Amino acid sequence: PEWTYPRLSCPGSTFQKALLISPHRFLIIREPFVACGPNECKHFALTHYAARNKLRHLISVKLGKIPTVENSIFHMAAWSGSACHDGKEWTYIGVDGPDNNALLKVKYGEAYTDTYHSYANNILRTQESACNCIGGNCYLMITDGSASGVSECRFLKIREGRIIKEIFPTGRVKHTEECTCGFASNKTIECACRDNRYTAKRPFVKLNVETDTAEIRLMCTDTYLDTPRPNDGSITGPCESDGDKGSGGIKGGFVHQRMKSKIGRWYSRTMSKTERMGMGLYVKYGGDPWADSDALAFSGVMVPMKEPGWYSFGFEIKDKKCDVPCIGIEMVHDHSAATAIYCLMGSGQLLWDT
Amino acid sequence: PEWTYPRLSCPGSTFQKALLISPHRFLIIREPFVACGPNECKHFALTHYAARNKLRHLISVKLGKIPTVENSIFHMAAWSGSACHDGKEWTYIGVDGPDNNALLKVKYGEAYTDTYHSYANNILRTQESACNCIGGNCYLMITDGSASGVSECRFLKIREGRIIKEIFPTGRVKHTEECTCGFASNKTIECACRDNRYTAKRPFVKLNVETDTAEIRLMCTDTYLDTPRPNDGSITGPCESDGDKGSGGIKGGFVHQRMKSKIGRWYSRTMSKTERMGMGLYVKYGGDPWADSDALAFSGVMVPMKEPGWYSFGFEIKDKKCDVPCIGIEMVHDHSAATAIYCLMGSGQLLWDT
Amino acid sequence: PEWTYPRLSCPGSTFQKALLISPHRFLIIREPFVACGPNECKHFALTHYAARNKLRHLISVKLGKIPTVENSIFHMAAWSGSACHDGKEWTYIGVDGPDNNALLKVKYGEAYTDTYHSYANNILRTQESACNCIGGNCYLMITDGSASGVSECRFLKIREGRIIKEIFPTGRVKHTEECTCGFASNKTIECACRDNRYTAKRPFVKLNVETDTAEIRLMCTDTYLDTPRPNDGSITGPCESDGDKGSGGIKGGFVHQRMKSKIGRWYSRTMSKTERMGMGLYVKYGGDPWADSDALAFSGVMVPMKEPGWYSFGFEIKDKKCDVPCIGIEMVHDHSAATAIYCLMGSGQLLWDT
Amino acid sequence: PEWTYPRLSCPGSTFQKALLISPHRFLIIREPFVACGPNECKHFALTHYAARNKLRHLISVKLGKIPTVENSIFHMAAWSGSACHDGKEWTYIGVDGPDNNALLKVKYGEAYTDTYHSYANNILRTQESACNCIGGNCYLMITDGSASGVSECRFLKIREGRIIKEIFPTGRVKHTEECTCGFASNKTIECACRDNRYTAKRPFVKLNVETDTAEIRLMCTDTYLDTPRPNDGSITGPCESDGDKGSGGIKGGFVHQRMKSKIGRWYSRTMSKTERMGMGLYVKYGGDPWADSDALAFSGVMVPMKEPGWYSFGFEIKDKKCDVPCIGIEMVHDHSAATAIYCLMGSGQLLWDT
Amino acid sequence: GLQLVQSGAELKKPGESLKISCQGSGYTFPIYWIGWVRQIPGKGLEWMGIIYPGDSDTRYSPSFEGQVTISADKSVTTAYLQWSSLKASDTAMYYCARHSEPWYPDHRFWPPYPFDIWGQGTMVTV
Amino acid sequence: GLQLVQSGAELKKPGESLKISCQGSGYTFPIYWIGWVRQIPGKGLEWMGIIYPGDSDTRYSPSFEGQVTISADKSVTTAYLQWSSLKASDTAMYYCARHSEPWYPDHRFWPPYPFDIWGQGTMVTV
Amino acid sequence: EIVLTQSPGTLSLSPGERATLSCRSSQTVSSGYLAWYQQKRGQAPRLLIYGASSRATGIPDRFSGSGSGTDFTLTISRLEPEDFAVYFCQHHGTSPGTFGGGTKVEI
Amino acid sequence: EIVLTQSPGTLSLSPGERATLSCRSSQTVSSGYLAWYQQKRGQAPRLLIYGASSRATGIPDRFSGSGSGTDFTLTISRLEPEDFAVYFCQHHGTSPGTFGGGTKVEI
Ligand SMILES: *[C@@H]1O[C@H](CO)[C@@H](O[C@@H]2O[C@H](CO)[C@@H](O)[C@H](O)[C@H]2NC(C)=O)[C@H](O)[C@H]1NC(C)=O
Ligand SMILES: *[C@@H]1O[C@H](CO)[C@@H](O[C@@H]2O[C@H](CO)[C@@H](O)[C@H](O)[C@H]2NC(C)=O)[C@H](O)[C@H]1NC(C)=O
Ligand SMILES: *[C@@H]1O[C@H](CO)[C@@H](O[C@@H]2O[C@H](CO)[C@@H](O)[C@H](O)[C@H]2NC(C)=O)[C@H](O)[C@H]1NC(C)=O
Ligand SMILES: *[C@@H]1O[C@H](CO)[C@@H](O[C@@H]2O[C@H](CO)[C@@H](O)[C@H](O)[C@H]2NC(C)=O)[C@H](O)[C@H]1NC(C)=O
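Protein chains in written order, with the deposited numbering: chain A, 77 to 102, 112 to 136, 149 to 431, 438 to 457; chain B, 77 to 102, 112 to 136, 149 to 431, 438 to 457; chain C, 77 to 102, 112 to 136, 149 to 431, 438 to 457; chain D, 77 to 102, 112 to 136, 149 to 431, 438 to 457; chain E, 1 to 52, 52A, 53 to 82, 82A to 82C, 83 to 100, 100A to 100K, 101 to 111; chain F, 1 to 52, 52A, 53 to 82, 82A to 82C, 83 to 100, 100A to 100K, 101 to 111; chain G, 1 to 27, 27A, 28 to 106; chain H, 1 to 27, 27A, 28 to 106.
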């Protein structure tokens, strides 16, 4: 009925465990994410196996449902993908095809609409997190390049299933992928990205949605957010300096808390500096991620060191009048995954883990 | 569309077996309850195990459905909880976290909203029965304290998922928990509570919803309603006197029958004075539970002595123009539970058990 | 939104197999029936066992669904029952309780409303077929008496879940049960009933819905419609004469085809005169079942002699502008049942069986 | 609410794999097809066996669902069938009964309406693909005759479940069956049919929906589209000349791409000239299939030679403002089938197979 | 490498049961019909019946109906001819032969096809 | 307590099959690659291949492709090197070594890592 | 139901002569489905002709075999030592296949 | 595809002398992924250097090893009896790991 715009966030100062979806304790999926419309949240995932291949699909269930075969809806063939709601209808994004000649497909509602072709003739990938719609214009991060080497990203502006504009970010673009994006304000989409080869510092994208321009710089903060990591504050040189332990990586969580006079930036990180174990929640209020070296504050442990952390993502729940920022965690077990959701709610400290 | 207010009850003088949900005779749940909106009843329960832990969840199905994994919706992590409908949207309440630092979470519709922190640094608990909404203001009983020792309760006034007021009852408040609450009238919510340490007489709470005040006194009646019990009329002294067999307890049923000139109070009790076996239905019309020693009339047997009784709860079904008071029974089998529903309907005697 | 009234039937002269629901070839149910609202048909059945007892329930699924546990909705405890739609909401009827002190329960929408008590202190039974609503007034046949001996029936006029009038039929009422009822016209409900002790001729009830009166006489036709049967035209004497082979019986199908200048009466019968095997469809146009000895025309075989016939029922599908009379058959297999539906459609001969 | 009319197709020049439904890798069905209404696509199939017989049924699930027993809806008994949506309600078509006295049944919404009797007293068959509605008038191809010998087809004009007109095509009508039909324009329905005895060239039907007339001629193109085939361009003589390898056959895909100044005709074919292996997509823009010998352009491989091809079908998805032509493939595995969907989307080449 | 390979030879006593077989290779076995043909050495060929491995759909010459059993097992790509009461007179050469074209159940016709490939024949004495 | 423990020694005849193994301890075995390195006593080290216990993803030096089999079983925290036709010339010391950093499938690159921990080596004669 | 009476039953033609073999069907052979096979001594028969006159793959141009209705022939344009064999006709239509007695071609 | 030719192959330096060991790659070593290992007689080798010049944990400051492109060295700032071993260079980039022949350091 109406287009969605980002709204100010619901009051609160901390996160608490909200919900755990753990289908194996009673369909094998990976890289889950959550996307929400005005009155509906969906839990999306890619199938990994049956209850990069020709059989992987983008599937979903209502958030709160266990993602069984009977409950799941198969939206499209996809070894990589994302989804979002523009206030009127669901947009589903997926990538399929050959590693060196992959293609993006866009589905709107029930129909297939536009496609996008690989540009670096390497595995085309999308953000594996939900896409961001403002006024009907959905901004999707895509990337195409080497797993190890250069992989420049670009953004697609998608309107009613069609790709209307290609946005080519400037700045430090040598390797950007698996971006967790959200609105900082009505004018800006910010993303905390993976760098799978050069550094443990996440590229931080600032996309201007009034001008359709973007610039990427590494986060300057001493607390490094990727999985392989130097031991906090150990990377020397200016903010843009690449550090050690840059080979490999993980998609992290990232949400914004939009307050009338402030932007809170909530980030997630693993507990281990080398292995994908545990998850913690970190926060910084205000500042500029591209210049501010200040360590992120530690809010608390979301997943203990003894449990798998793996991928995380940001999403927001539409609470009638305000938005609720949430960070989800993909707990991979043996390789299906459980999804743990932590949401901003109330005040005080994060009190318990998953 | 419109806020719910309590209405006069549907005519009838007795209860009859309505429905039995027994999933094991064809997901392991405990402490079921039913809550109803204008045109929908939901059967809520906490998961006990998979088909106080970090995995327990508040789940629900449409009343009449068998609570299978595929059918159930997981609303939130919760080892204790309740739910209600305010006439516009569902409110779900759950408690999770550490035994000595538990937290209440409130979900409204699809979003997580307010939280409440433990106040006695002991297990925070909610009524395990449905919450009561009048004009959008939902009144939830919570308690925090020792299983054996003092555990004072308080009420939370929740509006559109937010906690707006904390109500601190006066009177005899040394140990109150697991309150089955409902509207006696548009001005009052009355609750038949558990006392797990001091007495077999239930605390009876009278909450004034125009003034947001409450007072708790023990029911004065000779028929004692908790599970461990003295043998009816055996507790000497004034109405407030604590009796023997006060260690341990059970959540009982309690509904009101609202008539133009009268309030009927329907209560449930086990058949055994020591073990949680059987269930019977008792009634008193008019009077004052805090002062009236008169034994409750015995309506009939809901569950025979040979079958498990365990927890019971009150709820009301919205019958277009009037409300139907119902008492449900948790029949624990070996520890999943079946839910037996008995509803006011017709006249004559209760004719058969479950 | 609007009350349902019977409409003229959809054109056609014969029946054809429409649909077979056979859950065991891929929940154990008996005595299925179908009832339809303005845009929805439901397949109702009583549970017989799990996938007259305290566990039997009235359940339903959308017609076309396989009645699995996950798909089924449990409406109420019931060892006997019926259901219908009044144009605004579903009415569900069921009987539960002791054999000599049974009680009828009425559910409207989600709520339990009125009850009815046994009157002959013997097993209270309802028609096991769908009930008939005109202008919001639903007419339900109930009976109470011996399986072998006298069992007089009465009709209940149910409005919005309440029993407003008790209708006491005159005529030949010594044993009437399991009536398949439908509208002959806007003024009359006619029923083809079972007589489980005195005769193989079905009692035929003519209920006047403008005056709320009824009279019962045996069908005069030479083709006898119950299961144990004399060999067609062999019962001597006047129309009311009881014949041989009257011990035992079956609920048969019966629908009306309402045409501007005519009433067609479609009946179903088993192929065997002693065993519940096969089913055939018979028809008579016009006349008076209480006086007209003329044999019913044979339309065709619905179920071959080699397959179980058991109970059948009439129902009507609401085809936008006209009604479609249908006869369903309960095929009991070894004791769950499959439901075969035959509907009026087209012209020519019934071409194949189930 | 409004009647459906064909619309211009959504822009794009090629097809890409959209979705694969493969239920056996985690109900045994054959001859799937997809039909779409304004906001809903359904995946229809005939049951072949349980999870030409008396048990085969026309069933469906929402496209994207796995066609399990619990998810499927059984619409009618049918060993042959089709379905379509007229913009207001679903029409379901099925054929059942004896091989030499079969009958077509039409269901509209929830009700059974008209039937059609066999005319050549041989197996009556319908197109196994979706039917085509314009302005409420649904055009269904039916055929009745020998599997080997003459089998003339006719079209039925169905309106709100009733058969209003019988259309008798002229031209070359000796054997026509299993027609994949769609709108070329608002005035014409064109169909690419099977010829199971005389030739490897598909009969191509041109049905005028303003005049309700039809003419059938063989496609003149050098690329033969049936399964047993001469080796492309090898059939000598005029366009109407029958060739070799005409015994046997397959239902192929066929969709139209409707552009303001052009009609694209997309066809599917197996990779093997004798066995039902692989599938490819071929296209011709403009021209006249009845006269134009020009080989169809090869777009790409949809199913590799190593995987089963079997039946294919055309359908269109209603993308809000335009239609998306899609071709589905029935991949029979050992005999249940998976359904592969390829849709027009984007430009460039078809990049990968299923 | 397209072939039907038959067992060599058998010699039986009257009443002694018998099973002989053909193994197919080089073709999609489950979609072609395989027939059995009998040849008494001084006589012509006599079509005994056909089978469609793939659903084991069979057709018998009326003269062999109830005399022999034709069966197949697609699992090992083979076809079989069986006797329950081998009499005498079964002193014939028995051949398998495969039809020139594939067939699928939905073709709904009796394969009007010649035999394109033949096995070498199995000689059975008695 | 981080270590790779290898079997002691083996002596075989030409053609006699052979399996040797390494057991890991002190680390999350299923996420690190384990390589085999051959050393003929008078020669330098020769990388034979790597395995990723966890999904048993392997890579072989082209010169050892089809010569040896590398396998692992995360159940018992072990890695294996197998021969089917032990010839002679396999008279070498065989070592396991674990890569310095963990790897996960989604990294999508070939582990560019050195070997941080080595077992003591298994001596195999012939 | 269909009986094929292949005749004369013996030919005694020299190499270089044209051989005509006949197959008379007791009833019309629908669609012309009459096949011909060549059986050399000691071996399974080879398919020569299918349909009324289509030549099987691998068969030389020497074999034609036009025919229709009930009256069909096999014509060997010129005999060669290679083609002295017993020939058989077969009904291969949509009914139980049935062969004729066979015609022996001698020098 | 990548061949490492480590040289001179033998050093004959006394303790206290600086030892330079070279490793020439036949093609450019992408990203500088050339590791060095120390093999003492009778035992499995120890990792000294990873990346072109990063020092492995537990390795003394005596070992540096700067290098790039195709030309890399290992430098032992001062030899001690402890460090007389055969040293090996290894390509450890995103391709099949491959070692050099090895250089023996003698007194
Ligand atoms: C982003 O801009 C939209 C307007 O385009 C803001 O939404 C409006 O908020 C006011 C209340 O402050 C409502 O009365 C309007 O009806 C809303 N309009 C729409 C289109 O939703 C939104 O709050 C702004 N968000 C942020 C983060 O500043
Ligand atoms: C509680 O108060 C509400 C009003 O606030 C009563 O509901 C009204 O009942 C009259 C009929 O008597 C209706 O015409 C109104 O439309 C109703 N209003 C609303 C808001 O529902 C309700 O009956 C009272 N309940 C009790 C137990 O006294
Ligand atoms: C029974 O009576 C109702 C009226 O009470 C008839 O329904 C009407 O039919 C006319 C067309 O003839 C429509 O225009 C009206 O809108 C209908 N009214 C309602 C309330 O539905 C109905 O057709 C009669 N049925 C029979 C069997 O005679
Ligand atoms: C077929 O005809 C219909 C009209 O009968 C065309 O649909 C209209 O399209 C215009 C835009 O061009 C809209 O404004 C109208 O509201 C549409 N009317 C209806 C009833 O849908 C349709 O586009 C034509 N299709 C083709 C292939 O030419």
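Note that beta-carbon positions come from the ideal geometry of N, C-alpha and C, so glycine has one too.
- Classified as exposed, residue 334 of chain B has fewer than 16 neighbouring CB atoms from the shown chains inside 10 Å of its CB.
- The residues 34, 35, 54, 55, 62, 64, 73, in chain order, have a CB closer than 7 Å to that of residue 48 of chain G in the same chain once the five nearest residues on each side in sequence are set aside.
- Nearest CB-CB separation between residue 93 of chain H and chain F: below the 9 Å threshold.
- For residue 355 of chain B, the enclosing beta strand (DSSP E) begins and ends at 351-356.
- Taking residue 453 of chain C as reference, the option from C/308, C/317, C/150, C/376 with the minimal CA-CA separation is C/376.
- Taking the Cβ atoms as the reference, residue 160 of chain B lies roughly 16 Å from residue 172 of chain B, outside the contact range of under 8 Å.
- Shown here, residue 75 of chain E sits in a helix according to DSSP, grouped into three states.
- Listed by position along chain H, the residues whose Cβ is nearer than 9 Å to that of residue 157 of chain A form an empty set, because the closest Cβ is around 35 Å away.
- The Cβ atoms of residue 88 of chain E and residue 109 of chain E sit closer than 9 Å to each other.
- In the same chain as residue 81 of chain B, and ignoring 5 residues on each side of it, the C-beta atoms closer than 7 Å to its own belong to 231, 232, 283, in chain order.
- In the displayed model, residue 225 of chain A falls within coil according to three-state DSSP, outside both helix and strand.
- A residue is called buried when at least 16 other Cβ atoms come within 10 angstroms of its Cβ; residue 354 of chain C meets this threshold and is buried.
- The beta carbons of residue 442 of chain A and residue 404 of chain A sit no closer together than 9 Å.
- At least one CB atom of chain C sits nearer than 9 Å to the CB of residue 163 of chain B.
- The beta carbons of residue 444 of chain A and residue 425 of chain A sit about 5 Å from each other, so the pair counts as a contact at 8 Å.
- Any Cβ of chain D closer than 9 Å to the Cβ of residue 200 of chain A would place that residue at the interface, and such an atom is present.
- Below the 8 Å Cβ cutoff, chain G contributes no neighbours of residue 36 of chain E, its closest Cβ being approximately 11 Å away.
- Residue 219 of chain D sits away from residue 177 of chain D, with the two beta carbons spaced by 9 Å or more.
- Contact annotation for residue 46 of chain G against chain E: 100J, 100K, 101 [CB-CB distance below 7 Å, chain order].
- When secondary structure is reduced to three states using DSSP, residue 161 of chain A falls in the coil class, being assigned neither helix nor strand.
- If one requires a minimum length of 4 residues, no alpha helix (DSSP H) run lies completely within the stretch 214-296 of chain A.
- In this structure, residue 282 of chain A has its beta carbon less than 8 Å from a heavy atom of ligand 1.
- Using a CB distance below 9 Å, the part of the stretch 410-429 of chain B facing chain C consists of 414, 415, 416, 417, 418, 419, 420, 421, 423, ordered along the chain.
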